[PDB]
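One structure is given below, encoded as structure tokens.
Numbers and lists here come from the model and the stated rules, or from a named source; none is laboratory data. Please note: Cβ atoms are built from the backbone with ideal geometry, for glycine as well, and neighbour counts cover all protein chains shown.
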Amino acid sequence: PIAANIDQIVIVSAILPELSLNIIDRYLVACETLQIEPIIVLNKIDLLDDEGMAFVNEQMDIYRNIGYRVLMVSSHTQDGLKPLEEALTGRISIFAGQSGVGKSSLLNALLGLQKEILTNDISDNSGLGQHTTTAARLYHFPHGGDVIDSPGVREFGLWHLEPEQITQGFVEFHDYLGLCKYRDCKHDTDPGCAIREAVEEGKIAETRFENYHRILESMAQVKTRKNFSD
Amino acid sequence: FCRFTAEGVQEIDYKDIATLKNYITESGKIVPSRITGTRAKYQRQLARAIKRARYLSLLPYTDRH
Amino acid sequence: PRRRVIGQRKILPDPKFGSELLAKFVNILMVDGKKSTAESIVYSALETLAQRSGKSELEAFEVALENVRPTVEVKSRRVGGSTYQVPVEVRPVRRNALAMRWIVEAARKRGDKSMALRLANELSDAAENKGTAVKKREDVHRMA
Amino acid sequence: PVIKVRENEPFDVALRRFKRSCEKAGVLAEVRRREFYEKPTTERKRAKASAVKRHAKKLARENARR
Amino acid sequence: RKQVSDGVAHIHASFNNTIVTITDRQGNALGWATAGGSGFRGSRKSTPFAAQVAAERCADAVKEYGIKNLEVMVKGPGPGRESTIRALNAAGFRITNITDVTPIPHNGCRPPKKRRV
RNA sequence: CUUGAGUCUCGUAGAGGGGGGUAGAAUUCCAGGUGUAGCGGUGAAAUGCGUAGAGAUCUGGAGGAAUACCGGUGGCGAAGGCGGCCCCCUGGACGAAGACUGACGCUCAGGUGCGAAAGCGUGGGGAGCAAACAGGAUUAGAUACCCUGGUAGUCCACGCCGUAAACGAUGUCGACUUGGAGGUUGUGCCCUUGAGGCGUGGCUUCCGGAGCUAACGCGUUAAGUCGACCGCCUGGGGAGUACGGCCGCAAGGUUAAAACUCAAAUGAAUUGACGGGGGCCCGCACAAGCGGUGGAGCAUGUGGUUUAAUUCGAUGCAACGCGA
Ligand SMILES: Nc1nc2c(ncn2[C@@H]2O[C@H](COP(=O)(O)OP(=O)(O)NP(=O)(O)O)[C@@H](O)[C@H]2O)c(=O)[nH]1
Ligand SMILES: [Mg+2]
Ligand SMILES: [Mg+2]
Ligand SMILES: [Mg+2]
Ligand SMILES: [Mg+2]
Ligand SMILES: [Mg+2]
Ligand SMILES: [Mg+2]
Ligand SMILES: [Mg+2]
Ligand SMILES: [Mg+2]
Ligand SMILES: [Mg+2]
Ligand SMILES: [Mg+2]
Ligand SMILES: [Mg+2]
Ligand SMILES: [Mg+2]
Ligand SMILES: [Mg+2]
Ligand SMILES: [Mg+2]
Ligand SMILES: [Mg+2]
Ligand SMILES: [Mg+2]
Ligand SMILES: [Mg+2]
Ligand SMILES: [Mg+2]
Ligand SMILES: [Mg+2]
Ligand SMILES: [Mg+2]
Ligand SMILES: [Mg+2]
Ligand SMILES: [Mg+2]
Ligand SMILES: [Mg+2]
Ligand SMILES: [Zn+2]
């Protein structure tokens, strides 16, 4: 465990360090298995040009089209935080995501902590950023509630989760359970897989389907260990 | 085998092209001593002669050239 | 057989032509041990085949299976560590069985209301290298 | 390498003698041992190991009976 | 178009592709085929049967030249060396002379590094 | 004085060293000839190159680097190292016989020199290869492995650096101590000699006796038996680090602590266990076959859900028509 007695997680992603429709999906599956309410934030929109913003929003809407709260905030310019502040009030929110995405900087901006005390902030070099914050610290929200700064992560793999729990984790799949002619429908190429055609007509996000399949096949690679996770 | 010593030869001559050509393959490669049965010092003399002949184009370096 | 490559047992000749191949044919065609049904079917089919082919019905069966017997077939091998197809020749005793097997399945697919007729029609087309029994033989030769 | 056909010679025997000639020169092993550079240290160690293995095999040849 | 009536079949048996060309004994090319241009790609491209196909794929487009006999010079370690000429004879070509011309250096140049596969 | 050491005469073998020519393959490039549509690369791909004509093939040219086969468990060198052929200069070793000198010897702190690769300075050269870097794939990422390119460097001249698992992890010199099989290079005698047999030296490889060793192993080329001299060690980290000195253009090298901390750290061998290490040998394990299950209806068991209660137990194989 990283943090307990949590009420809400906020998946913090940023375009510069890495854009990963795969890590976001792994986090969504996890929090769905943990019943914790998630929320997606995308940091450093200041780096993207206006065309690039219109190029990132039409796939950030993938999740807001299945209800997920999706916000875009620039920590350096403090742009568009204000709805994030509102969504953060009066709850317990763990700031999670890859290293370098801006989780510490976002906290500095939101908390408005005294200048003498600030979270460590090093800039990313080449492909990926450093791991500055190596701890998990609680912070009292100014208005109400608490946030938690967490250390950056590389792989949020899910071999502990059962394969069915991944189908449940994708919320856009309940609309098609029991609609597959083969009852034990792996849904990849099995005939009559409802979600197959569903994504054929664009009802489902293709990227989400491919991510589901690839994380399933990833579980096969990491099932090599005989250690137990129960 | 060991014909050189058997004839007590003192020095193998590069100019001869009929004798030492029994010691190269059709591709012109120096046949190893394991199968010719020649002895070490004579094998070395043979290699030097053969390289000399190659230099003066009495023996081809390779079947292609 | 990992340790002992056991030899195959002998089949008894058929009580109507003393032909080992005919008995093997009825053994292949048999279903649920109902030998009598199979022998009825095979004798009916052979006799109608005789009517179309005139004399020597047992011989007509021989040349029918001959026109579709396989010579070369693909075989799998894992020596490479990956699935590997290889074209290999077939022993006569085995290609006999392969021809008989292909004939009977093709007949079952033919339908048209009677097994007697299906078998006879397939045999009649086989006798002249046709009926798709030869086509299945031709495709596995092409796969060499 | 070079194999010249004669008059009234079957093509198959010509092919087989050509291939057995080219493999008598070991040309394939030559072009395969010159595909990647091999540091002289690894060359020396593998040569020495092959040699000592040869010596051990020729020793086993004559230590069993005696 | 013009019958030389005598010529040479040059093969190129790489571990990736097989290139079979036809030319006069003087080295001016007439027709050339390749397992790649034969509709075989990837692992399918570097197969002995692919080279066997490319054999006819080359022989056809030089029927107008109609060389009767020919000499083959094969160079390359790739599979299919023997199968090209086996197929070429099955096309009615008569092989006057087979010869290997695999380029071999006398320790002339540094080859690339060993792949740490 | 001549037995140690050294000189001379006559020969032998040798990738010993330095300098200069030259050769033949091969890579790349350029120009041209033929000619078509792909080439290239991988596990599979992509990047990349190709219609201005690639790739392929032929001819001519240019340049650099290295010397298939011989080739070896081979040779030479103090060590590092040394591999086409030829010439010039030059070092060492060994053998036979004889003469010569007459202890002139061994080791060596300081000192001097040589010293792989990488690296540094200046100036050339640059074909191939290739840190860095650019790109394409894989991947969470690939900052790596793989792919396409590619700079320094790799080469030459002159300086500098002075370190390597610079290893036989075995200092140099001398004497003595059972054997066997080899390799290489001298040399004597006898043979009818090619052969062949008796000997006698040098170097070198593999077994193995006594003996030694913790064991592994060493074993006349000792890690045996002994002499002479030198270097080095005193638990593991801290640390070959700090400081100072010396050296270096610099990178850094050499000499070289202490505070502090632990009760271990380590070498060999034993038994087992494990290996994305091998050799197997079996098994309807697979293959070869025949019929099924998986879809339908129902029977039955179980999970779940439900219920006042749906009694309890059995739960990977080896629970689920199981207790019953
Ligand atoms: N351009 C830009 N940089 C930003 C922005 N927000 C934060 N950054 C910078 O991006 C870096 C993020 O580092 P940090 O916040 O520690 O990352 P993290 O996502 O919290 N994880 P970790 O601690 O593991 O690195 C810092 O240099 C920060 O100043 C932004 O909106 N724009
Ligand atoms: Mg942070
Ligand atoms: Mg493991
Ligand atoms: Mg390559
Ligand atoms: Mg005197
Ligand atoms: Mg000293
Ligand atoms: Mg250097
Ligand atoms: Mg330099
Ligand atoms: Mg320079
Ligand atoms: Mg590279
Ligand atoms: Mg990438
Ligand atoms: Mg010089
Ligand atoms: Mg040292
Ligand atoms: Mg040492
Ligand atoms: Mg000692
Ligand atoms: Mg000394
Ligand atoms: Mg021993
Ligand atoms: Mg100490
Ligand atoms: Mg130091
Ligand atoms: Mg089976
Ligand atoms: Mg069913
Ligand atoms: Mg129960
Ligand atoms: Mg109980
Ligand atoms: Mg039962
Ligand atoms: Zn489905």
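If we keep just the residues of region E:1-56 that are among the polar types (S, T, N, Q) and within 14 Å of chain D (Cβ to nearest Cβ), which is farthest from RNA strand F (Cβ to nearest atom)? It comes out as E:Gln52. Within region A:183-227, the set of residues being crowded, with 19+ Cβ neighbours inside 10 Å and not in a helix (DSSP H, G or I) comprises A:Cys185, A:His187, A:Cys193, A:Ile204, A:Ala205. From the list A:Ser99, A:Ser93, the lone residue that is within 14 Å of ligand 2 (Cβ to nearest atom) and either surrounded by fewer than 18 Cβ atoms within 10 Å (Cβ to Cβ) or closer than 27 Å to A:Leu21 by Cβ (or both) is A:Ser99. Quick one: A:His174 ticks every box in (1) in a helix (DSSP H, G or I); (2) farther than 27 Å from A:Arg91 by Cβ except a single one, so which number is it? For A:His174, the exception is condition (2). Somewhere in region A:149-171, is a residue within 16 Å of ligand 3 (Cβ to nearest atom) and not in a helix (DSSP H, G or I)? Checked against the condition, which is being within 16 Å of ligand 3 (Cβ to nearest atom) and not in a helix (DSSP H, G or I), region A:149-171 yields at least one hit. Restricting region E:89-117 to residues that are of a type in the set (A, V, I, L, M) and in contact (Cβ under 8 Å) with a residue 24 or more places away in the chain leaves a set whose member that is nearest to the other protein chains (Cβ to nearest Cβ) is E:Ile98. Taking the criterion of being surrounded by 18 or more Cβ atoms within 10 Å (Cβ to Cβ), at the interface with chain D (Cβ under 9 Å from one of its Cβ atoms) and under 13 Å from E:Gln52 (Cα atoms), the residues of region E:67-88 that qualify are E:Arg81, E:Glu82, E:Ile85. List every residue pair whose Cβ atoms lie under 8 Å apart, where the two residues are 6 or more positions apart in sequence or sit on different chains, the first residue falls within region A:219-230 and is more than 14 Å from chain E (Cβ to nearest Cβ), and the second residue, located anywhere, is of a type outside the set (S, T, N, Q) and within 12 Å of RNA strand F (Cβ to nearest atom). Partner pairs satisfying both residue conditions: A:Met219/A:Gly157; A:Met219/A:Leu158; A:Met219/A:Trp159; A:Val222/A:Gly157; A:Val222/A:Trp159; A:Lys223/A:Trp159; A:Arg225/A:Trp159; A:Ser229/A:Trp159.
How many of the residues in region E:23-35 are out of contact with any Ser or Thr (no Cβ under 8 Å at 6 or more places or on another chain) and surrounded by fewer than 18 Cβ atoms within 10 Å (Cβ to Cβ)? Final tally of qualifying residues: 5. Selection within region E:89-112: residues that are crowded, with 19+ Cβ neighbours inside 10 Å and part of a loop (DSSP other than H, G, I, E, B). The member of this set that is nearest to ligand 3 (Cβ to nearest atom) is E:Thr102.
Scanning region A:152-175 for residues being under 23 Å from A:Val222 (Cα atoms) and either in contact (Cβ under 8 Å) with a residue 12 or more places away in the chain or surrounded by 15 or more Cβ atoms within 10 Å (Cβ to Cβ) (or both) gives a total of 16. Going through (1) at the interface with another protein chain (Cβ under 10 Å from one of its Cβ atoms); (2) more than 30 Å from E:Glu71 (Cβ to Cβ); (3) in a helix (DSSP H, G or I) one by one, D:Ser50 falls short only on (1).
Of the residues examined, A:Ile148 is one that is in contact (Cβ under 8 Å) with a residue 40 or more places away in the chain, away from ligand 25 (no atom under 11 Å from the Cβ) and assigned by CATH to the domain that holds A:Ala96. For region C:121-133, a residue qualifies if it is surrounded by fewer than 19 Cβ atoms within 10 Å (Cβ to Cβ) and not hydroxyl-bearing (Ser, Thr, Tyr), and the qualifying residues are C:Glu128, C:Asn129, C:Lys130.
So which residues in region B:1-53 are within 14 Å of another protein chain (Cβ to nearest Cβ) and not hydrophobic (A, V, I, L, M, F, W, C), if there are any at all? Passing the criteria: B:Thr25, B:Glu26, B:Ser27, B:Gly28, B:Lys29, B:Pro32, B:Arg34, B:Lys51.
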